[PDB]
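Labels for the chains are A, B, C, D, E and F, by order of writing; each one numbers its residues from 1.
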Amino acid sequence: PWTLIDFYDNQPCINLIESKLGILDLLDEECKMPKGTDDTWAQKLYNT
Amino acid sequence: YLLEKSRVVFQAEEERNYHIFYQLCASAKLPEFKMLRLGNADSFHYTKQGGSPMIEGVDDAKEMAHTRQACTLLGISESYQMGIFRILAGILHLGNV
Amino acid sequence: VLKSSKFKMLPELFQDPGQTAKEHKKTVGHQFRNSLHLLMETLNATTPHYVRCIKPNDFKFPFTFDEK
Amino acid sequence: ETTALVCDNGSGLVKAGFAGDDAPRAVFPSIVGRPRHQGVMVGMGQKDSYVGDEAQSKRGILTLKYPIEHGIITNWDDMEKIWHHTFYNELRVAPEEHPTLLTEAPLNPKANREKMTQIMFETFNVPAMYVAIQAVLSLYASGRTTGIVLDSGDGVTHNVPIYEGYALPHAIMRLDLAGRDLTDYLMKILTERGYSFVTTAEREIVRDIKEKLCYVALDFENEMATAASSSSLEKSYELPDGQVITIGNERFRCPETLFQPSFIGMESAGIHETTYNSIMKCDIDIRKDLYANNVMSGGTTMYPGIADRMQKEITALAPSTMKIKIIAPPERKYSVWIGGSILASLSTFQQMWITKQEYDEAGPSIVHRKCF
Amino acid sequence: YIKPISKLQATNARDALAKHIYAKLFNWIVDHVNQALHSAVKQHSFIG
Amino acid sequence: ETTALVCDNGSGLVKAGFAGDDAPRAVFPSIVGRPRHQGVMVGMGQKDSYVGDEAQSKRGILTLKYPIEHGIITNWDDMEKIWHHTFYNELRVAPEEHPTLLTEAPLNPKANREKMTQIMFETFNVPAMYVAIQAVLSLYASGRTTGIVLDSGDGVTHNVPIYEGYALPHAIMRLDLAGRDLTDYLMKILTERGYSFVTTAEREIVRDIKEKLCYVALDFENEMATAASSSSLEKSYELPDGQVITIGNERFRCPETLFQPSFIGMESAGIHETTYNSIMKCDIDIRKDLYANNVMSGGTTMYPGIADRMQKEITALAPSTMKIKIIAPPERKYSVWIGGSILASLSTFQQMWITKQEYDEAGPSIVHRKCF
């Protein structure tokens, strides 16, 4: 039975990176917001 | 795929960008490269940032010849090889702007 | 400006709004993300076989194995 | 992707295009044409009424109505024809498919937002909608997070203070001088040299004379004496009819009413003096960065020499310990639309939309409740 | 409109141009490699 | 070996660093800021509320709270942020690694130590703690064991009499008039010369004017006559908005009220009479050594000319056949911290700490058992 094999899924981690509001998305969103900086980027990360 | 383009213009402590640039800078003594007005490998802003121009145990001056040999084995003409080196010298001089 | 150059190679370099317009605008991360999607769509169309190569010591010594 | 449209109702001009573009696809006058004579031929394939570039082209046959005046939409069936032309004819994209962002002057009447909303959700069936203050978009475009934004269109003029992205609502100034009342003044000064313009169909010529010839004096009475003494300043313009008009000091009197609104009989202070009074209404610890960050925005700021006139005549009102700076970019005629093209592309913004599904639950009272 | 730019933007632009020239040059060398390696026969399948 | 932290929570400023340093790592105003204005930009990466130099830098957006008044913590949800910032951000040290030495003004409420103890062991997880009266460290810093110590800061001022490391608990006088009430009183006089300060975001200017401009009168009552004659008594200073202020008879009328508290409708006498009455409560064997070892301490004592006024007005009330010396060293803002830096570094001190095991066994009341 397939129910015995538990599937470990790193999709939650990939979603943390590539999806909307992900660490890359907020980086691009920070690159075009006026006067964005590594510090405020980090703040967005914590907030989110 | 996935070429690390950012390395071309930025290097952390004791890193280097792509080897071809140091091969070229090491070749600044060769007659055909006189016109490229090359300096030493720390004279260029895109190569001096790492503070490690020489890899101990590696002759960039000879890797240049192995590179020219490989190009020629693939039939890239000497004209194209000089074009490549003209462009790379361009990138180096551009960084000094 | 560069496309007008003196020797054949420089005009040759750019050869194949529209995609190439936005392409100049795309950030490195977005380019990477896309390049990775292309790689993934390439590999997902295919059957993988995997190999791992490991370095046993930092001094290039034959047949010596540093556990650390 | 279904990207949002950015559709700057403004007044007098619509600027429209897709978020992420650096300039709008569509730039046309927000103007409604009806024919004023009885149409004479039979079997012609006649059309009832004309919008935008048609109404500019055919104007000698037409009545021109602006449905938008002083940032208030005043005729909803006409405004609905302009949106209908915008989506279906000018962008040629179906509004049920994509979100739209719309722009508004600050401090506006409440029902202006609500009819804008109901018309978007029922008639156009827009899947998602938003309204954003015109001046706030300008900072995203001018690359700053602290500024005071002098935003002045055809319809209306306003100043909005922003310090590090908190807008300061008590200090937002709005004024009814704008590109249209400079134009209607340009008629009552053109009358001095005998030239005449009295009809809706020729008002758009005065509006184009205004654009090419006009400029701002750094100090008014010495240039007023200069061009009253020397003809060296005068220039000539060909009307459509092939007639030449010629203009001297008069081409710098029309922008001067922005700095001296007594010339059109208003009490209120106009653009340098309201910019300074808006800065003074913020509390003291931020005022220096406002004096550093004045941003010009919208088409009524395009006059040659107005950047230097603001920098000079604010330096007369500010303390001499300052540095006073005007940021006057050449792109500025579009900076409110460029600003919305940045805003509607921010990922953090995507949570913000009023969706139709939320409006279908809450009714048209939603706008003030979730939106900006 | 022709608009002037900040030194930061000028340095970012210069560096973006160099990164782009390099990426194109790389792709051109790879195209010469591909031309030196290609054959006219229709590829039925491949192993990557 | 792991050094303990020395952390003079004080009032108005937080002072912190490691035992064995010669100056603090961290000196910042003890302030928590909240935004009052409307959040309007979107995606700005806004932060709910601010600690220390961030709240000072951005103060024009904010309402400013001090969580401490009169050496009492009055908001624990605010106060915890200041310690959090102190350890993790500003010192960059985990409080869980090593013991902590903390400071308090004498006579303050019994619950204040119970709440601190509970917070340090439970919430911050410090391995061990001790609390020391600010004035005692001023002796260790001034290299002395017999004194009367006036530590006079923001928030509170107090006298503690000590003979060779033996404290005199019957003879402790405390007065809550302090550098913050010179700041609020400087507002209540500045209003006469027409300049304005009513808001927390500009109160921090009043606090900065005091620091640069002020001096201590040798006598108020001739200087009160002087300011009808002299413009040499006035000075001028540049506000952040670029205005120049000029100030006269204030510069002896407000900052001097630590020497004359009758001005604000309270019963009590100034720092001079509480210093002398603290000696009058002291035992008669010792009075020549106390009058010789007055130690001045804390940032509110930093004025040029404080020594000679203290020397004068204690000599005027004490018999002139006794001898008066006021010890006011150039370090005097930091001595309360400097004393904690040497004291916590002595091997002889290492026995004193309240360890977490003792609190987890006894409950929060244990400070009253093992401290003074």
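Everything that follows uses one rule, which is that contacts are C-beta pairs under 8 Å (C-beta built on N, C-alpha and C of every residue); 3 or more make two chains touch, one makes a residue touch a chain.
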Rounding to the nearest 5 degrees, give the angle of the rotation that lays the CA atoms of chain D over those of chain F.
25
More C-beta contacts across A-D or across D-E?
A-D
Dist(centroid_CA(chain C), centroid_CA(chain D)) in Å evaluates to 47
For chain B and chain C, let me know how many angstrom lie between their CA-based centres, rounded off.
20
How big is the gap, in whole Å, between where the Cα atoms of chain B centre and where those of chain F centre?
63
Averaged over CA atoms, how far is the centre of chain B from the centre of chain E? Could you give it in whole Å?
17
Touching two or more other chains, which residues of chain E qualify?
21, 25
Of all residues in chain F, the ones touching two or more other chains:
43-44, 46
The chain D residues in contact with chain E across the complex are 329-331
Within their complex, state which residues of chain C touch chain A.
27, 29-30, 33
Residue ranges of chain D in contact with chain A within the complex:
139-140, 142-145, 342, 345-348, 350
Where on chain C does chain E make contact in their complex?
2, 9, 12-14, 24, 42, 46
Hey, which residues of chain F end up touching chain D in the complex?
35, 37-44, 46, 58-61, 199, 201-202, 204-205, 238-244
